[PDB]
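Quick note on numbering: the sequence shown equals residues 392 to 409, 413 to 658 in the deposited numbering. Beta carbons are placed, not taken as given, at the ideal position from N, Cα and C, and that holds for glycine. Okay, so here's the structure we're looking at.
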Amino acid sequence: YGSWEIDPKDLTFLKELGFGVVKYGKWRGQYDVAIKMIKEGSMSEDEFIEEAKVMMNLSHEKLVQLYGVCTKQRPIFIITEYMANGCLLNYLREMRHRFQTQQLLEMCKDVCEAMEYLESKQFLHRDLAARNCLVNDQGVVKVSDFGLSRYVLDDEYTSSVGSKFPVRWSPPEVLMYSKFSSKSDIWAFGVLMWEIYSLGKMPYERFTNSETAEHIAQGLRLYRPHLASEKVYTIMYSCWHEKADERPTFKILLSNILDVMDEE
Ligand SMILES: Nc1ncnc2c1c(-c1ccc(Oc3ccccc3)cc1)cn2C1CCCC1
Numbered sequence: 392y393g394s395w396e397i398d399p400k401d402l403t404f405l406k407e408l409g413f414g415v416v417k418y419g420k421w422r423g424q425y426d427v428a429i430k431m432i433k434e435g436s437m438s439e440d441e442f443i444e445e446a447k448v449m450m451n452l453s454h455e456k457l458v459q460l461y462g463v464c465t466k467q468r469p470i471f472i473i474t475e476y477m478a479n480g481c482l483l484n485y486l487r488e489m490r491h492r493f494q495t496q497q498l499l500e501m502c503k504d505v506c507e508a509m510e511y512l513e514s515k516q517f518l519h520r521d522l523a524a525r526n527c528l529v530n531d532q533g534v535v536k537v538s539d540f541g542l543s544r545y546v547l548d549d550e551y552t553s554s555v556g557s558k559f560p561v562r563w564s565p566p567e568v569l570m571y572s573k574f575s576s577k578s579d580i581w582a583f584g585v586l587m588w589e590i591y592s593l594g595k596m597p598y599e600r601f602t603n604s605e606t607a608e609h610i611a612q613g614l615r616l617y618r619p620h621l622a623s624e625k626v627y628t629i630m631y632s633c634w635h636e637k638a639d640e641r642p643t644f645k646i647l648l649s650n651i652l653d654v655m656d657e658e
């Protein structure tokens, strides 16, 4: 076993949590883990395994921690930090939480910290969205599935023509030219802020993907969620400059979010 490789015999599977299936379990009988099981034919496995070595060296409190992989048998496993409150999107949609806006801004800050870290490592997420963030037992949001889209074999998800592509989280230059950059992550982050302040509404709710792409190409934008103050709206909106070079960095976004927290 290499440093990136976990012995699957050290795993105990306890419950199904919901590419494939994800389970909750224990490592060596004691420590909580999530086990993401990768279905046959779904992934470029050799490429993922090499990238896993890079992903192992990423470490930040607001990034879901990759403990290792199991790849000597199939389906291959991705072993990670267990996030008790599950997917951010589902969490947002649970109206019982009765969120204060302070809580929503903190979720934004959690994600922005992770993204500033990824940016500092020149690591693109490539599919940032509420559905790809997780929430722990303390209500902390962490970024997940970072870079994983690179290894998906289903073409419907691979390009902007595809029926599974994240059109609603994509800047004009991605939709038109497939130009990915730090600034396409920035765009996606703004959409994620919008999802958070909208309590999990689908971006461009009333539009198809086709219509959304048209909307975007015409320079139209999401508008202010009811729960977003003018200051918060200014921050998400800054992520959507037509010109990619005019969009902020995650460092700048983080400073702006901190400022709003201080001003309340
Ligand atoms: N870690 C998790 N803890 C709790 N629930 C989880 C996960 C994960 C999870 C586990 C592993 C995983 O693997 C990676 C993590 C980071 C980077 C790349 C892969 C991604 C998500 C998913 N789920 C749920 C959300 C909706 C239904 C399933």
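Can you look up residue 665 in the DSSP assignment and give me helix, strand or coil?
Only positions 392 to 658 of the chain appear in the structure, and residue 665 is not among them; the question remains open.
With a threshold of 6 Å on Cβ separation, who are the neighbours of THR495 within its own chain once the five nearest residues in sequence on each side are excluded?
Numbered from 1 along the sequence shown, position 101 holds the residue referred to as residue 495. Once the five neighbours on either side are set aside, the close Cβ partners of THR495 are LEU621.
Let me know the alpha helix (DSSP H) ranges lying completely inside the stretch 467-518, each 4 residues or longer, listed in chain order.
482-487 and 495-514
Please name the residue, chosen from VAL626, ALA638 and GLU444, that lies closest to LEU647 on a Cα-to-Cα basis.
On the sequence shown, position 253 is the one that residue 647 refers to. Out of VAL626, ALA638 and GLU444, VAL626 has the C-alpha closest to the C-alpha of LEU647.
Excluding five sequence neighbours on each side, which residues of the same chain lie with their C-beta closer than 7 Å to the C-beta of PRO469?
Position 75 of the sequence shown, counted from the start, is the residue given in the question as residue 469. Result list for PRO469: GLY414, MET431, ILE432, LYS433 and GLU434, in chain order.
Since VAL463 is in the beta strand (DSSP E), which residue starts that stretch and which ends it?
To locate residue 463, count along the sequence shown from 1; it is residue 69. 460-464 is the span of the beta strand (DSSP E), which, as asked, contains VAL463.
Start and end of the beta strand (DSSP E) containing residue 412?
Within the chain, residue numbering steps from 409 directly to 413, and residue 412 belongs to the interval with no atoms modelled.
One question on the structure: do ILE610 and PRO642 come within less than 7 Å of each other, judged by their Cβ atoms?
Within the sequence shown, numbered from 1, the residue matching residue 610 stands at position 216. Within the sequence shown, numbered from 1, the residue matching residue 642 stands at position 248. Going by beta carbons, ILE610 and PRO642 fall outside the 7 Å limit.
Cβ of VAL416 versus every heavy atom of ligand 1: is any distance shorter than 6 Å?
For the purposes of this step, residue 416 is taken as residue 22 along the sequence shown, with counting starting at 1. Checking the Cβ of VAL416 against ligand 1 gives yes.
Within the chosen definition, does the stretch 537-553 reach the stretch 455-462 through at least 3 CB pairs nearer than 8 Å?
yes
Throw me the rounded Cβ distance for the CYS633 and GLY594 pair, which I believe falls under 8 Å.
As a working mapping, residue 633 is identified with position 239 in the sequence shown. As a working mapping, residue 594 is identified with position 200 in the sequence shown. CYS633 to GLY594, Cβ: 19 Å. No contact.
Going by the C-beta, is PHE404 closer than 6 Å to any heavy atom of ligand 1?
Within the sequence shown, numbered from 1, the residue matching residue 404 stands at position 13. No - ligand 1 has no heavy atom lying nearer than 6 Å to the Cβ of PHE404.
Just tell me which of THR403, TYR425, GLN424 and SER438 has its CA closest to the CA of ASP549.
Walking along the sequence shown from the start, residue 549 turns up at place 155. Answer by Cα proximity: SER438.
Is the stretch 507-522 close to the stretch 592-608, with three or more CB pairs under 8 Å?
no
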